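Worksheet: the structure to be examined is printed underneath.
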Number of protein chains: 4
Amino acid sequence: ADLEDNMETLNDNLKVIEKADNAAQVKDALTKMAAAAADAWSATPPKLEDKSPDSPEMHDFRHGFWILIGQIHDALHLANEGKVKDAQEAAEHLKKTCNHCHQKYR
Amino acid sequence: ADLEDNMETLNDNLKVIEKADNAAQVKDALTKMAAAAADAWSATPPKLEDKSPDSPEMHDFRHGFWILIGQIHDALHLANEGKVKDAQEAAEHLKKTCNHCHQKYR
Amino acid sequence: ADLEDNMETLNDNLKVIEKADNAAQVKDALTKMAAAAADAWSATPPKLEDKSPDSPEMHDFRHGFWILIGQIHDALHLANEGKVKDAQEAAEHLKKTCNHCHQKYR
Amino acid sequence: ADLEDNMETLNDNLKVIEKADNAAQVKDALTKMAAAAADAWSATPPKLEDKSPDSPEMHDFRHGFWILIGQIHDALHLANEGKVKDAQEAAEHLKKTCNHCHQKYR
Ligand code: HEC
Ligand code: HEC
Ligand code: HEC
Ligand code: HEC
Ligand SMILES: [Cl-]
Ligand SMILES: [Cl-]
Ligand SMILES: [Cl-]
Ligand SMILES: [Cl-]
Ligand SMILES: [Cl-]
Ligand SMILES: [Cl-]
Ligand SMILES: [Cl-]
Ligand SMILES: [Cl-]
Ligand SMILES: [Zn+2]
Ligand SMILES: [Zn+2]
Ligand SMILES: [Zn+2]
Ligand SMILES: [Zn+2]
Ligand SMILES: [Zn+2]
Ligand SMILES: [Zn+2]
Ligand SMILES: [Zn+2]
Ligand SMILES: [Zn+2]
Ligand SMILES: [Zn+2]
Ligand SMILES: [Zn+2]
Ligand SMILES: [Zn+2]
Ligand SMILES: [Zn+2]
Ligand SMILES: [Zn+2]
Ligand SMILES: [Zn+2]
């Protein structure tokens, strides 16, 4: 998928996790979010099309996806230990990473 | 130090980071925060004085400090990389971790 | 790219890191490794072609790539910090992750 | 405890984890190792007594304890998801961090 399809995957599943009921629903949305972050890691955002692929802005862009993957990694370990409430609550951590990247690059 | 003392070190140095005007003030405040979080790791908070050292509650409490130490680790790399504004902005990430432990265990 | 291609990118760039003589060769090889690990994240390896996408086996396989991405993240911060020899030495950490996945899933 | 008492705690429990049988035995040794790493984070090793507390050697010293705490964090999530074999095997990851610090500072 392109970067916008990955953003739509992240937006949708972040909501499937706010409104979540059962466990394998939080587990499955975090898995789809991790797939979308990893897939998006290599993309160039439109605001940076004109920049060197190894410009400080593209280095910082890719770093935001490392932070988000690190957060989905911990939340999925919480969800897989039966701590499903604490995994939902990890949403508030994620949104903050969503907003930091959007502030500079969307 | 006791948990109350470590928290005041966290609170003070987080204020230093938000208001800092040079790179050395941010690095130094991040190192002091890491020392306080590491020291707090061993503490039993008041609401859990009755629970055992290896209870689920005390397991989950200590996990909160690993998250915080993880964030300070990343912010200090940003700071030692020249990316000092980005290190300052990691303060917004830390507060979420501060609030989350407070909501559950304070 | 396919899993075989991503592995050859991992193998080649790991060799570049061990034999590199300037900072730019280490950074560039670490970024290429991160791109290949992120791309490999989606793959199904041969020994697990019969297992489902959300099987325990495929969960554990993907976890191996999070570990590797985590290590490359840390090594690149060491490299962008001036600590280039320490970034080169992180290669010894990566190989352990390479061997561990190979022992279980290759 | 001082730095040598923490090293003896890490050495002992790393062995309790090679020879481990049950689960709460691997869980309890990883917990004691995490306590010892956090406690040791603030110490000054004898080889660096003569160095600035914020010298590159003391910064790199404390960084080794971040890496080890990060590894114990992941292994304890593996042990707490019933993946007790994969948690034992995390020993090989840890030993490599033991050796890197010892190479420069013990
Ligand atoms: C950078 C490291 C980012 C992170 C982390 C997240 N997003 Fe993002 N997002 C980013 C960019 C550069 C863009 C713009 C892309 C473009 O082609 O214009 C976006 C866009 C979105 C959108 C809008 C999609 C659309 O229909 O145009 C959404 C709804 C969105 N992003 C959601 C989102 C969520 C929920 C995130 C975290 C969970 C998140 N993004 C992280 C860059 C980055
Ligand atoms: C748990 C994992 C915590 C994290 C992370 C942080 N704090 Fe904390 N804090 C915690 C507890 C259990 C308590 C109560 C301790 C007691 O014995 O009374 C506190 C207390 C504080 C306080 C002041 C005391 C109060 O209001 O009762 C402050 C100012 C404070 N904490 C700040 C703080 C900051 C800034 C943090 C992150 C950077 C932070 N805390 C993290 C538990 C935990
Ligand atoms: C799983 C999480 C893996 C990690 C991490 C690494 N590798 Fe890998 N590698 C993996 C599989 C399943 C396979 C077999 C793929 C197939 O379809 O045949 C491989 C294969 C290789 C190969 C060559 C192929 C072979 O011997 O069959 C190489 C050279 C290789 N991998 C190198 C490599 C390196 C250097 C890694 C870390 C830096 C690494 N791999 C990580 C699964 C996984
Ligand atoms: C630095 C970041 C270190 C890490 C990670 C680990 N160790 Fe260590 N260890 C370190 C120092 C500086 C020293 C010397 C301290 C001194 O006062 O001389 C040590 C020492 C040991 C020892 C010897 C203890 C003794 O009786 O003198 C042991 C047995 C030991 N360390 C074990 C150990 C293990 C098992 C580790 C990881 C699991 C480990 N250490 C990590 C510095 C660092
Ligand atoms: Cl990660
Ligand atoms: Cl998980
Ligand atoms: Cl525990
Ligand atoms: Cl750095
Ligand atoms: Cl899964
Ligand atoms: Cl850095
Ligand atoms: Cl950690
Ligand atoms: Cl855990
Ligand atoms: Zn965790
Ligand atoms: Zn898992
Ligand atoms: Zn951020
Ligand atoms: Zn004060
Ligand atoms: Zn980082
Ligand atoms: Zn550093
Ligand atoms: Zn939280
Ligand atoms: Zn090749
Ligand atoms: Zn680091
Ligand atoms: Zn960087
Ligand atoms: Zn491993
Ligand atoms: Zn993990
Ligand atoms: Zn846990
Ligand atoms: Zn190392």
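The chains referred to below are lettered A, B, ... by the order of the sequence lines, with proteins before strands, and numbering in each begins at 1.
A pairwise comparison of heavy atoms in A/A79 and A/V26 identifies CB-CG1, 4.4 Å as the closest pair. Annotation for C/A1 and C/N6: closest pair O-ND2, 3.4 Å, computed over non-hydrogen atoms. Scanning both residues, B/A29 and B/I17, for their nearest heavy atoms gives CB-CG1, 3.7 Å. When all heavy atoms of D/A43 and D/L3 are compared, the pair lying nearest together is CB-CB, 4.0 Å. In terms of heavy-atom proximity, A/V84 sits nearest to A/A23 at CG2-CB, 3.8 Å.
Separation of the C/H100 and D/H93 ring centroids falls under the 6.0 Å cut-off.
In this structure the side chain of D/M58 reaches within 4.5 angstrom of the side chain of D/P45, judged on heavy atoms. Proximity of A/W66 to C/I72: side-chain heavy atoms (C-beta onward) are separated by under 4.5 Å at one or more points. At least one side-chain heavy atom of C/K96 sits under 4.5 Å from a side-chain heavy atom of D/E92. Residues A/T31 and C/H59 form no side-chain contact, since every pair of their non-hydrogen atoms from C-beta on lies 4.5 Å or further apart. Side-chain contact between C/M7 and C/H102 is present, with heavy atoms from C-beta onward closer than 4.5 Å.
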Evaluate D/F61 against D/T44 for side-chain contact (heavy atoms from CB on, under 4.5 Å), listing each step before the verdict.
CA-CA 9 Å; D/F61 182 70; D/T44 301; over 6 Å; no

Determine, stepwise, if the pair D/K104 / C/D86 fulfils salt bridge (charged side-chain N to carboxylate O under 4.0 Å, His left out).
CA-CA 11 Å; D/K104 291 182 221 161; C/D86 285 330; 2.9 Å; yes

After noting the C-alpha distance and the side-chain angles of B/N22 and B/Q25, does the key distance pass the side-chain hydrogen bond (donor to acceptor under 3.5 Å, both in side chains) rule?
CA-CA 6 Å; B/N22 55 273; B/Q25 266 152 20; 3.1 Å; yes

Ring pair (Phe, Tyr, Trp, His ring centres under 6.0 Å) between B/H77 and C/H73, intermediate numbers included
CA-CA 11 Å; B/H77 282 308; C/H73 172 204; 7.7 Å; no

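When the shell of 6.0 Å around NZ of B/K47 is examined, it contains more than 12 heavy atoms from other residues, nucleotides or ligands.
Taking a cutoff of 4.0 Å between a charged side-chain nitrogen and a carboxylate oxygen, D/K95 and D/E18 qualify as a salt bridge. Salt bridge absent: B/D54 and D/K32 never bring a charged side-chain N and a carboxylate O closer than 4.0 Å.
In this structure, a donor-acceptor pair under 3.5 Å is absent between the side chains of A/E8 and A/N11.
Of the residues D/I69, D/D12, D/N13, the one that meets the side-chain contact (heavy atoms from CB on, under 4.5 Å) test with D/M33 is D/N13.
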